[PDB]
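Letters A, B, C, D, E and F name the chains as they come in the text, with residue numbers starting at 1 for each one.
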Amino acid sequence: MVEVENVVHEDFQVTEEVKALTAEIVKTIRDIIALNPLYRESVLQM
Amino acid sequence: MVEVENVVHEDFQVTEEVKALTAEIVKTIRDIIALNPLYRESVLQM
Amino acid sequence: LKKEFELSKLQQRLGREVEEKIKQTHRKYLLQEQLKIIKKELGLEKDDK
Amino acid sequence: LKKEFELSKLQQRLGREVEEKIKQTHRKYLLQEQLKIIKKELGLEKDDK
Amino acid sequence: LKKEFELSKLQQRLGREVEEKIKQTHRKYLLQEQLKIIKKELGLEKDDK
Amino acid sequence: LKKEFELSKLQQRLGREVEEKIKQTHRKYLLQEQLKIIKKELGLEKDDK
């Protein structure tokens, strides 16, 4: 069966301010597990 | 004696916020067995 | 994430509101529950000094 | 070896037995102490000097 | 579940209180005992038979 | 190794000499330290024999 590894991973040359949203994602995940705790927070620490 | 399997089980069609209360049920159960441990935790890990 | 957190938040806040309205139940009810614990815990005494 | 072993095992059982007697003492004291505090809470049974 | 929980947390507070009172008893007894040994230690007959 | 041993030796010896001259401080100073310790933790007016 036809398949292709179209694992796109394009990135802007300047990779400085592109990781700032990730910081908000992990802070929002900490707020998601703090006000509505679902899973452990140890995986975020690993 | 007359009987019928009237195992009523109404459930909201929308099953998004209905399992959110379950999270509080399991947190209270975890705090009851953590703060007042009565039985084994292997059944809970299974 | 905003919408999901708002859903969990609206449920938690509406439930917190339910929780406050149940907290409106007077502390006399809690002390009555403790009084029921005095009357529904055991009947007989064992190894009394 | 068996002759010594029998006496040793006997001593071990005997020691645990005395220890379990201490536990049967104090565990019932924990239950009775809880009973007392609940009986003192029902109204006013003990008070200070 | 909360109805059970209120009593449990109350019992937990009561248990730590009774145990800490026993500790405040005996720790202070160790202090007073140390006080005595320093009041006695000096070379003396240590009143007795 | 010789130079290091002579340096370590002179340092340990000079420090041992300073330490000996400090041990000349009387044991009464130690007893006074314990005295201040007795006063730092006592309280409790006299209501005994």
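The rule is simple: a contact is a pair of C-beta atoms (placed from the backbone, for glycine too) under 8 Å apart; a residue touches a chain by one contact, two chains touch by 3 or more.
Enquirer: For subunit A and subunit F, which third chains touch each of them?
Expert: Per touch definition, common to subunit A and subunit F: zero chains.
Enquirer: Moving only from a chain to one it touches, give the least number of moves from subunit B to subunit D.
Expert: Graph distance in the chain contact network comes out at 2.
Enquirer: Applying the document's contact definition, name the chain pair with more C-beta pairs in contact, B-C or A-C.
Expert: Counting C-beta pairs in contact for B-C and A-C gives the edge to A-C.
Enquirer: Between subunit D and subunit F, what is the separation of their C-alpha centroids in Å?
Expert: The computed centroid separation for subunit D versus subunit F comes out at 48 Å.
Enquirer: Cα centroid separation between subunit C and subunit D, in whole Å?
Expert: So the centroids are 34 Å from each other.
Enquirer: Starting from the mean Cα coordinates of subunit B and subunit F, work out the distance between those two points in Å.
Expert: Those two chain centres are 66 Å apart.
Enquirer: Taking the mean of the C-alpha atoms as each chain's centre, how many Å separate subunit D from subunit E?
Expert: 21
Enquirer: Two or more other chains in contact with one residue: find those residues in subunit E.
Expert: none
Enquirer: Of all residues in subunit E, which touch subunit C in the complex?
Expert: Touch residues, subunit E against subunit C: 3, 6-7.
Enquirer: Quick check on the complex: what are the subunit E residues that touch subunit F?
Expert: 31, 35, 38
Enquirer: Which subunit C residues qualify as touching subunit D in the complex?
Expert: 34-35, 37-38, 41-42, 45-49
Enquirer: Quick one: which bits of subunit B touch subunit C in the complex? Just the residue numbers, please.
Expert: 16-17, 20-21, 24
Enquirer: In the complex, go through subunit E and note every residue touching subunit B.
Expert: By the definition above, subunit E touches subunit B via 1-2, 4-5, 8-9, 12.
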